[PDB]
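Here's the letter readout for the chains.
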Amino acid sequence: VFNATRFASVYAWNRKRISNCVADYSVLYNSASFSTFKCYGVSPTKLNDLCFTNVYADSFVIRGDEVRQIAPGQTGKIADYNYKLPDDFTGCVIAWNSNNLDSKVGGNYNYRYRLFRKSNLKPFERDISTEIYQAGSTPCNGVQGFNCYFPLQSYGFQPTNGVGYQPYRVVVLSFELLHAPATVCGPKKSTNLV
Amino acid sequence: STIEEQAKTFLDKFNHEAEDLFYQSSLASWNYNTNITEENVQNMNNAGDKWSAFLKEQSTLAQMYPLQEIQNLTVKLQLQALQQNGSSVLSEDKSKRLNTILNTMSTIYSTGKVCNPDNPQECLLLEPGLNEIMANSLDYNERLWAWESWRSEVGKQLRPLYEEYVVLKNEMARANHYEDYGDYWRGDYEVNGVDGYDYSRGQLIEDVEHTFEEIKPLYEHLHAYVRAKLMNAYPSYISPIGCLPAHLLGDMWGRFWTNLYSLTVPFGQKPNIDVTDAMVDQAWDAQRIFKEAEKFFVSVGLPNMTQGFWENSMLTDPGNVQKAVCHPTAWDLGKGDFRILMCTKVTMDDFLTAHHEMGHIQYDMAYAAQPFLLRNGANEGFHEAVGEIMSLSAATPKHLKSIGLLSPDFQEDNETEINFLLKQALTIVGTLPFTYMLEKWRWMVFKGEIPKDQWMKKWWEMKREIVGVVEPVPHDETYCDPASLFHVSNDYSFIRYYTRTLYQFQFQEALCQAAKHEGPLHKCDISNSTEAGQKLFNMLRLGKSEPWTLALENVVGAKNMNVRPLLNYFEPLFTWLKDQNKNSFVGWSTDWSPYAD
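As drawn, each chain counts its residues from 1 in written sequence order, possibly unlike the entry's numbers, and residues without coordinates are not displayed. Labels are handed out in written order, letters beginning with A for the chains and numbers beginning with 1 for the ligands. For clarity, the chains displayed are a part of a larger assembly, and the values are limited to that part. Note: side-chain values were computed over all heavy atoms of the structure, leaving out hydrogens and water.

Per the deposited record, determination of this structure is attributed to cryo-EM, with the resolution reported as 3.90 Å.

Encoded structure:
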């Protein structure tokens with residue numbers, strides 16, 4: 001999931017449904033391949049002993065300073081207008097510096113974001129609508145002009161940018177326990193036999 | 001629905017689009033300065049024009065959001081700069097002809113040269129050629145040939161180009177609803193929108209003129225001392241109550257008197273503090289020079305430098321194949337990318353310059369969180385002022401002995417410090433009169449108070465009264481003295497250097513009160529003191545987003561400029577110069593001339 005070559009844009013973020021398998025989280029925590037790792041409502045050591053019915057792994061790329069806006073009941077541009085975490089979100093957050101892959105000489109505009117929206121996005125909501133944003137009451141009709149702007153904006157990516165603004169690939173796992181039976185569980189032991 | 005929501009929306013989308021084009025424009029200039037190539041020269045013009053035309057396109061939409069309906073102070077400040085149309089207000093001909101005058105005057109400055117009178121074949125350019133020779137030249141005729149002949153083919157030829165620069169720039173200020181072009185530069189200090197902190201543009205002429213009156217007793221004594229040492233060379237041309245020759249100031253324009261520190265040394269029987277021989281034995285390079293300075297900012301609480309900063313630095317010039325400008329400069333592009341381009345040798349000045357060049361970068365890190373339009377110093381004098389306070393702390397014997405440069409047994413007494421204050425006085429006290437003199441003259445010519453024929457008549461008439469300098473060869477209105485100057489020909493603010501002296505000293509006195517240092521001010525050292533850094537960091541991150549009058553109160557507690565810190569830091573030197581001048585006359589007269597007897 002995190003090893004995938006290309007990730008979707010903050011507005012284009014893909015949602016992967018993971019179920020019916022076993023999950024080993026000790027390799028991700030002890031691999032030291034993540035820049036920052038934090039969980040909400042559940043400890044990392046307890047995940048191995050807990051079975052979850054559905055696990056959603058979010059994928060997208062955001063600015064370094066924008067990672068702080070990912071959390072239950074947060075604010076900001078990326079949180080409200082792009083991706084937001086509900087107050088009850090039990091999942092975890094993972095990020096690492098992509099400046100060695102995504103960022104290239106000349107800049108990479110493939111990763112964009114939604115700058116303006118008429119309101120704040122709802123929890124776990126994805127809107128790809130490219131419709132022009134109307135600031136005032138002046139009609140737009142898809143033609144850029146006064147009080148008419150294009151909401152999507154491209155993240156500037158170059159290796160010479162500061163570490164704070166370096167692109168970080170974030171994988172958000174959504175842990176939700178529903179009435180359906182549980183499948184995904186932690187690893188096993190299988191000690192010696194006597 | 002209200003214009004406020006529409007204004008904030010235009011400002012949010014402007015920072016993103018402007019940050020991408022501004023970063024590429026500055027990045028293009030970096031590759032051009034670090035390496036001279038046909039690809040970088042064109043990239044600087046393309047990237048420079050793309051960003052230059054960006055503000056011109058955004059300015060059209062900025063004038064559609066009046067500031068009368070905006071109740072937010074931070075919003076009006078962002079639109080205050082965008083509301084200006086720049087050269088768009090000028091006519092098509094006056095707008096295109098303006099760039100031709102600036103490029104023509106700037107070209108003659110770099111291409112200007114004075115052929116050696118004794119060697120007509122050899123012709124040396126001003127920089128470095130004419131600036132280096134005039135520094136160490138002790139000859140009266142040798143210094144007069146290059147000083148007098150320069151303005152003949154430059155000052156006289158630049159007069160017609162300067163006249164157009166005066167008429168063209170005035171049309172821009174009038175279209176901006178400004179009294180004149182002189183008031184245009186004073187707008188940087190303009191403060192409005194906050195009750196009680198409002199600062200009028202016209203109040204600058206009174207402040208600079210009121211503060212200069214208190215500097216006279218300090219400069220008069222410093223001038224009488226310099227004239228006494230040089231009086232033995234030419235007693236006929238140098239009068240005791242008269243003025244010193246204009247070409248003997250130590251350089252071309254007499255901006256800094258540091259070059260005269262050699263002959264002006266009060267005590268030659270005592271050693272001087274120099275880290276050149278100490279750094280050589282320590283075997284230090286440009287890599288460890290900046291590293292030692294980075295630890296200084298951490299001692300005061302300021303964050304360290306990012307990894308990319310030290311990795312992308314340029315420590316020297318790899319020969320003529322890839323050439324760069326050795327002029328120290330702090331380049332701030334954007335997106336957290338900070339770099340410095342300088343040629344690093346082993347000297348006592350490079351160590352002090354390292355803290356200055358790093359001060360600009362360290363200063364850009366505090367307000368980096370502010371919007372693009374809100375990223376800047378509170379005025380034009382805070383840019384280099386924040387960097388000088390860092391260098392003044394390194395020049396103190398206490399800081400040098402901490403890292404091990406100066407021997408721990410070095411004796412520090414009056415004789416040792418008196419010689420140090422004189423070296424700093426020539427670079428500080430020497431620029432103040434020259435700054436107020438030249439800056440005030442431009443305001444009078446642009447305002448229309450001095451007819452075109454009196455340009456030179458009022459130049460030297462006000463020079464003997466301000467800096468006390470007389471011209472060896474009288475000049476007519478054809479010559480233009482400021483035309484040859486770097487800042488005057490390049491259309492840069494010349495007032496920022498005057499206020500820098502008052503601002504750097506105010507912070508020096510305020511920061512030392514937080515660190516609880518006792519004794520003379522020049523003995524203060526801000527190293528190892530984390531209390532002074534926390535107080536200065538508050539204003540560092542504010543930038544120009546808040547009125548400079550308000551931000552200055554949170555540091556020194558003053559609502560305007562004051563000369564008090566100038567008298568205390570120079571107090572020990574003033575007490576010594578007052579006694580040495582008892583046998584001479586303190587001050588000068590404007591009725592004496594070298595050619596008038």
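Having put the structure on the table, let's press on.
1. With respect to a nonpolar patch on the surface
Basically, it comes down to this: Two distance rules govern patches: like charges are joined within 9 Å, and nonpolar side chains (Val, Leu, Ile, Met, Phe, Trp, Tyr) within 5 Å, applied only to residues with over 30% relative accessible area and no salt bridge. Residue exposure ignores everything except the shown protein chains as possible cover, and the areas themselves are Shrake-Rupley values with a 1.4 Å probe. One side-chain nitrogen of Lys or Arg within 4 Å of one carboxyl oxygen of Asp or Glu is enough to make a salt bridge. Each helix is a run of H or I in the DSSP string that is no shorter than four residues. Each strand is a run of E no shorter than two, and both are numbered from the N terminus.
Residues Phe2(A), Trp96(A) and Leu101(A) make up a contiguous nonpolar surface patch of about 270 Å² in total accessible area. Considering the arrangement of structural elements, one finds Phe2(A) in the segment before β1 (14-18).

2. Here's the deal with the pattern of salt bridges
Here is the rule: The buried label goes to any residue with under 20% of its type's maximum accessible area, the exposed label to any with over 50%, and the partly exposed label to all in between, with areas taken from a 1.4 Å probe on protein chains only.
Counting across every chain of the model gives 23 salt bridges over all chains. Among the ionic pairs, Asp102(A) bridges to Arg169(A), the shortest N-O distance being 2.3 Å. Of this pair, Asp102(A) sits in the loop between β4 (92-97) and β5 (112-114) while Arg169(A) sits in strand β9 (residues 168-176), and the two are 67 residues apart along the sequence. Given a relative accessible area of 5%, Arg169(A) falls into the buried group. With its nearest N and O atoms 3.5 Å apart, the salt bridge here joins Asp491(B) to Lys169(B). Taken together, the residues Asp491(B) in the loop between α20 (486-489) and α21 (496-514) and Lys169(B) in helix α7 (residues 158-175) connect sequence positions 322 residues apart. When sorted by exposure, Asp491(B) lands in the same class as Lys169(B), which is buried. Each member of the salt-bridge network shares a partner with another, and the members are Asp180(B), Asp183(B), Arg186(B), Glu190(B) and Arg201(B).

3. Section: the packing of aromatic side chains
All names here are of chain B. Inclusion rule: Centres within 6.5 Å make a pair out of two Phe, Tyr or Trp rings, where for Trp the six-membered ring is used; the pair is then stacked when the planes are under 30 degrees apart, edge-to-face when over 60, and tilted otherwise. Any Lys NZ or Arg CZ that is within 6 Å of a ring centre and within 35 degrees of that ring's normal is treated as a charge sitting over the ring.
If you walk through the whole model with that rule in mind, you get 55 aromatic pairs over all chains. An angle of 15° between the planes, with centres 4.8 Å apart, marks the rings of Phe212 and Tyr436 as stacked. Residue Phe212 is located in helix α9 (residues 203-229), and its partner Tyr436 is located in helix α17 (residues 431-447); the two are separated by 224 residues in the primary sequence. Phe212 sits in the buried class, given a relative accessible area of 7%. Look at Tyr436 and you get buried, because its relative accessible area is 7%. Arranged with centres 5.5 Å apart and planes meeting at 90°, the rings of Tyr219 and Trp588 form a pair that is edge-to-face. One end of the pair, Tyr219, is in helix α9; the other, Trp588, is in the segment after α25 (571-580), with 369 residues separating them in the sequence. Of the two residues, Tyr219 and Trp588, both sit in the buried class. When the ring centre of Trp460 is taken as reference, the NZ or CZ atom of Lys463 above it lies at 3.1 Å.

4. Focus: the sheet that holds β4(A)
Residues and elements named next belong to chain A. In plain terms, the rule: Should DSSP find at least two bridges between two strands, the strands are regarded as paired. Lines fitted to the C-alpha atoms define the axes, with helices restricted to the stretch that makes contact. Angles between their N-to-C directions range from 0 to 180 degrees.
Pairing is antiparallel in the open sheet, where 5 strands are placed in the order β1-β3-β9-β4-β2. One side of each edge strand has no neighbouring strand; the edge strands of this open sheet are β1 and β2 (36-39). Here the strands of the sheet are splayed against their neighbours by 15° on average, with no regard to which way each runs. Across 9 bridges, the pairing between strand β3 (residues 54-62) and β9 is antiparallel. Residue pairing in the sheet places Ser59 in a bridge with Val171 of β9.

5. Focus on the packing of helix α11 (residues 286-299) of chain B against helix α13 (residues 348-366) of chain B
How two helices pack is summed up by the angle between their axes together with the distance between the axes. Residue and element names in this part refer to chain B. This is how the line gets drawn: Angles below 35 degrees are treated as roughly parallel, those above 145 as roughly antiparallel, those between 65 and 115 as roughly perpendicular, and all remaining angles as oblique. A crossing counts as left-handed when the near helix is turned anticlockwise from the far one by less than a right angle, and as right-handed when that turn is clockwise. Residue contacts follow a heavy-atom distance rule, with two residues in contact if any of their heavy atoms lie within 4.5 Å. Polarity classes work like this: nonpolar for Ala, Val, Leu, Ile, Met, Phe, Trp, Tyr, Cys and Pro, charged for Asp, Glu, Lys and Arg, and polar for all others, with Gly in that last group.
At a minimum axis separation of 10 Å, α11 and α13 run at an interaxial angle of 55°. It follows from the interaxial angle that α11 and α13 lie oblique. Between α11 and α13 lies a crossing of right-handed hand. Only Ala354, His355, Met358, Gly359 and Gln362 of α13 make contact with α11, whose side of the interface consists of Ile289, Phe290, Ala293, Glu294 and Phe297. Counted by class, the contact of α11 with α13 contains 6 nonpolar, 3 polar and 1 charged residues.

6. Some words on the UniProt feature "disulfide bond" in chain A
All names here are of chain A. Short version of the rule: Criterion for a disulfide: a pair of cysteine sulfur atoms within 2.5 Å. UniProt positions are given in the numbering used here, feature names are shortened, and annotations may be inferred rather than shown by experiment.
Below 2.5 Å lies the sulfur separation expected of a disulfide, and the 2.0 Å found between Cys39 and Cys92, a pair UniProt records as linked, sits within that range. Of this pair, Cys39 sits in strand β2 while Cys92 sits in strand β4; the two residues are 53 residues apart in sequence, bridging distant segments of the chain. No difference in accessibility class separates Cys39 from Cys92, as the two residues are buried. The disulfide annotated by UniProt between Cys140 and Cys148 is present in this model, the sulfur-sulfur separation being 2.0 Å. Taken individually, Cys140 and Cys148 each receive the classification buried, so the pair is uniform in this respect.

7. Remarks on the nonpolar core
Our working definition: Nonpolar core, defined: a set of buried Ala, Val, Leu, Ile, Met, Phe, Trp, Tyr and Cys residues in which side-chain atoms within 4.5 Å join the residues together.
Ranked by internal contacts, the top residues of the largest apolar core, which has 148 residues, are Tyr162(B), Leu222(B) and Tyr498(B). Contact partners of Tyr162(B), with chain neighbours within four places excluded, come to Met105(B), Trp441(B), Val445(B), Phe446(B), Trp455(B) and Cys480(B). Residues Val93(A), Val170(A), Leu67(B) and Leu373(B) belong to the second largest nonpolar core, which totals 45 residues.

8. A few points about the environment of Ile215(B)
Residues and elements named next belong to chain B. Structurally, the position occupied by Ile215 is in helix α9. For the pair formed by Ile215 and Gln504, sequence separation is 289 residues and the distance between their alpha carbons is 16 Å. Setting aside chain neighbours within four positions, we find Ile215 in contact with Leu432, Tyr498, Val563 and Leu566.

9. What to know about helix α22 (residues 531-540) of chain B
All names here are of chain B. Rules: The arc in question is the one traced by the directions running from the helix axis out to the C-beta atoms.
Listing the buried residues of α22 in full gives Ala532, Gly533, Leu536, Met539 and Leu540. For α22, the angular spread of the buried residues around the axis is 120°, confining them to a single face. Looking at the buried side of α22, the elements it contacts are α13, α14 (382-394), α21 and α23 (548-553).

10. With respect to the UniProt feature "disulfide bond" in chain B
Residue and element names in this part refer to chain B. With a threshold of 2.5 Å on the sulfur distance, the UniProt-listed cystine of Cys115 and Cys123 is realised in this model at 2.0 Å. Among the residues examined, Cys115 registers a relative accessible area of 36% and is labelled partly exposed. Between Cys326 and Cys343 the annotated UniProt disulfide holds up in this structure, with the two sulfurs at 2.0 Å. Here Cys326, found in the loop between α12 (307-311) and β4 (329-334), pairs with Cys343, found in the loop between β5 (337-341) and α13; they are 17 residues apart in sequence, far enough to count as distant. Overall, the relative accessible area of 39% leaves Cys326 in the partly exposed class.

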